[PDB]
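Chemist: output the structure for:
(one chain, ligands or ions: 1)
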Amino acid sequence: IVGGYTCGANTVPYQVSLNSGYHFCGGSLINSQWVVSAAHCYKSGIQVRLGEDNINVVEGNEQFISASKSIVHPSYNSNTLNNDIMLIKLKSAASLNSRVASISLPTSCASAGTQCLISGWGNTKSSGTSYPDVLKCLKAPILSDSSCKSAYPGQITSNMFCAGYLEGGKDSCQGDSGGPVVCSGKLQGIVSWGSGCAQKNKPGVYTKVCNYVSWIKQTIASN
Ligand SMILES: [Ca+2]
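Modeler: Numbers count the residues shown, from 1 in each chain. The coordinates are given below.
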């Protein structure tokens, strides 16, 4: 996250860190046994780390639970990042409390102008590299589909939305991938891609979670 703020320990209780010996992606806890992330975060040997603030220090609220199964969206295209969404099943259920909590799926798609909270442990610089140990937060609006298409001609599908600031300076970034975009207490987006980070006229592009609810629910019900 570039140009965000320190969230505060366990203020984003649905935020997960995906760990394969190191933090490589974010994710969202959507019930006691399932995590949603980006399909581009797929790898085998995932440990899900819940209740994290400082990902380098054991602070006492963590749950570390292995993934039993990963399910990449059947139509995920790694070239276009269309349908950039994956489900991860935990080997056992997370213990839910005020610091580890599921985020609701949306019943409606969020409109342009909706303010959202994006969170992650990604790079905090637009040029060069500085990875924070503690969770960073950013409040950002959803941009009009027309702004979004103007910024990224020929790359935005109906399964993507833009959020952020066309002036630049405030964005998600590498290592925020797979993390949440929450608007009015509902998971609306997954941190998917962008051209660099926090560049002028190049906002963040997010997987449009409202399009995937039936797929998420039917997948969870049978696995
Ligand atoms: Ca920790």
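
Chemist: contact partners of the helix or strand where residue 217 lies?
Modeler: Residue 217 belongs to helix 213-221 when assigned by DSSP states H and E. Outside helix 213-221, the residues that touch it by CB atoms under 8 Å, 6 or more residues apart in numbering are 30-31, 34, 36, 71, 73, 87, 105-107, 209. Every C-beta, even on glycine, is put in place using the N, C-alpha and C of the backbone.

Chemist: outline the domain layout of the protein.
Modeler: Using curated CATH domains, the domain parsing of the chain gives 5-7+103-211, 15-102+212-221.

Chemist: quick check, the longest one touching the ion?
Modeler: It refers to domain 5-7+103-211. No. For domain 5-7+103-211 and the ion, the contact criterion (CB under 5 Å from the ion) is not met; the two come no nearer than 8.6 Å.

Chemist: which of the domains of the chain is buried the deepest?
Modeler: Per-stretch averages of neighbours, counted by mean count of other CB atoms under 10 Å, single out domain 5-7+103-211 among these, with a mean of 20.

Chemist: next one: it to chain centre, how far?
Modeler: 8 Å (CA atoms, centre = their mean, to the nearest Å).

Chemist: cool, and stretch 36-50?
Modeler: 11 Å.

Chemist: from here on, count from 737
Modeler: Let's use 737 as the start, then, which means that last one is stretch 772-786.

Chemist: ends of stretch 845-854, how far apart?
Modeler: 17 Å (CA to CA, to the nearest Å).

Chemist: oh, that last question was meant for stretch 760-775, not what I typed.
Modeler: First residue to last in stretch 760-775 (CA to CA) measures 13 Å.

Chemist: check stretch 924-935 too.
Modeler: OK, stretch 924-935 end separation, CA to CA: 23 Å.

Chemist: need the contact list for the residue nearest the centre of the chain.
Modeler: Nearest to the mean C-alpha position of the chain, by CA atoms, centre = their mean, lies residue 915 at 1.6 Å. For residue 915, the contact set (CB under 8 Å, 6+ apart) comprises 751, 761-764, 773, 854-856, 858, 908, 926-927.

Chemist: and those, which of them are in strands?
Modeler: Among these, DSSP state E puts 751, 761-764, 773, 854-856, 926-927 in strands.
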